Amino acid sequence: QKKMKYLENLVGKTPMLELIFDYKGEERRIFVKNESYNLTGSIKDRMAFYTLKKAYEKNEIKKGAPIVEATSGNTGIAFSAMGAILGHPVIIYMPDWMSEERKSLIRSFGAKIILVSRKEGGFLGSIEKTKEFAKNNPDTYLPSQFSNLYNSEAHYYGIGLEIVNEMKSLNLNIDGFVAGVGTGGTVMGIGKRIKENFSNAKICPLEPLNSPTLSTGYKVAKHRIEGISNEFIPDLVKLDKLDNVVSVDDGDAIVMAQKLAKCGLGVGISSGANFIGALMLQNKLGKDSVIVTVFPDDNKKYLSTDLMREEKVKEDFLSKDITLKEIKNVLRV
C-alpha cells in the first residue's frame, strides 16, 4: 500500500521523443514514448504493476498466491519480476517460437516457464493451460491480460496520461495515435485517454500485413513482429470503437527498427512497426498532423532474430523512403 506507492517509482515516467525524418523527401515528425526505461525494459512493466496494485486494493489476490499468465514474452517477464518483488510464485506459459532471450529472462526472474508448441495450440493453448492450472490450484491469481480491463486501465492512468500531459506542455493538439495490438491494452487505454482530451483524434490499432487478423477478422499466419497479433483477436480490444486498422509488413518493421538503432534508438521489432504505422496515419491526416506512438521495448531480446540480419527491401515498404534526421526534442516529466 505504502509499498505500492514507492514501487511505482520503478515504472513509467519515460522519455517522449520528437523524431524528425525525411519521407520522399518532405520533412516529417512523429512523437514517441521510449518504454525501455522501465524495470524489465518494456511497457508491460506499467501494466503488471498496475494490475497487481489494483488486485491487492480489491482483495483479488492473496499473499503468496501464484500468479499465472500466458504471454508472448514481455508481460511474462514483467509479472515475473513484479511478482518476485511482491513475494509471489510465478508460472508463465509461452509459445515455443518466441525469442530464446524471452525464455531465459523469465527463468532468471525465478518464474516457472512452460513452453507450448504449435501442436499444443500456441497462444490460445497457453491461455487454456493457465486456466487448467487455476482449476488445479484454487489460490491462483490470473491477470488475464487478453481480457482484463486492468490492462487497458493501466495505460489510461499511466502512459496515456503522460502522453496527454507531455503534448499539452508543447501546445500541440494530438491528431492521431497508433499502436500494434497483442492484447490491445495499449491502444485501448491510451486511446481512451487521448479521445477524452481530443475527441477528433484518430486511434488506430496495428497489425502485421503478413497476419492481418484484425482487419480480416480471422486470417492468421506466421510473422516476425514479436509481441503483436497473437493468433486471435483479444476480447480486450474493441475494433468497432477504434479507427481503422493499420497494417505493416514485418520486413518493413524490421528495417525501420534497424534504422532507428542506427540513430541511437535500440528498439524491438514492434517499435519499428509502430513507427511505420504512425507515418501511415500521418499520410492520411496531413503531413503536419501530430501523431504519437510508443516503442514497447529495446533491441536486447532480439539479437537472436532477423532484426540482426540483412532484410530484403520490397517495393511497397515505407521504410525505403525514410531517412531519420534527428532527435529534435526529448521531454521527461
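Start at 1 and count along the sequence shown; that's the residue number.
As stated in the PDB record, which stretch has the larger average Cα B-factor, 294 to 302 or 49 to 57?
49 to 57 has the higher mean C-alpha B-factor.
Give the stretch, out of 249 to 257 and 208 to 216, with the larger mean C-alpha temperature factor in the deposited entry.
It is 208 to 216.
Could you say which of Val181, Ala84, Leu170, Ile113 has its CA atom at the highest B factor, as listed in the PDB entry?
Highest C-alpha B-factor among the listed residues goes to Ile113.
Among the choices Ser229, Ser117, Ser80, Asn74, identify the one whose CA B-factor in the record is greatest.
The C-alpha B-factor peaks, among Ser229, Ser117, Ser80, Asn74, at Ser117.
When the deposited Cα B-factors of this chain's modelled residues are ordered and cut into thirds, is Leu239 in the lowest, the middle or the highest one?
Ranked within chain, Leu239 CA B lands in the highest tercile.
Looking at the C-alpha B-factor of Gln145, is it in the lowest, middle or highest third of its chain?
It belongs to the middle third of the chain when residues are ordered by C-alpha B-factor.
According to the PDB entry, is the CA B factor of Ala154 in the bottom, middle or top third of its chain, that is, lowest, middle or highest?
It belongs to the lowest third of the chain when residues are ordered by C-alpha B-factor.
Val313: which third of its chain by C-alpha temperature factor?
For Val313, whose C-alpha B-factor we compare with every modelled residue in the chain, the answer is the highest third.
Which third of the chain does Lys103 land in by C-alpha B-factor: lowest, middle or highest?
Within its chain, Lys103 is a middle-third residue by C-alpha B-factor, going by the deposited values.
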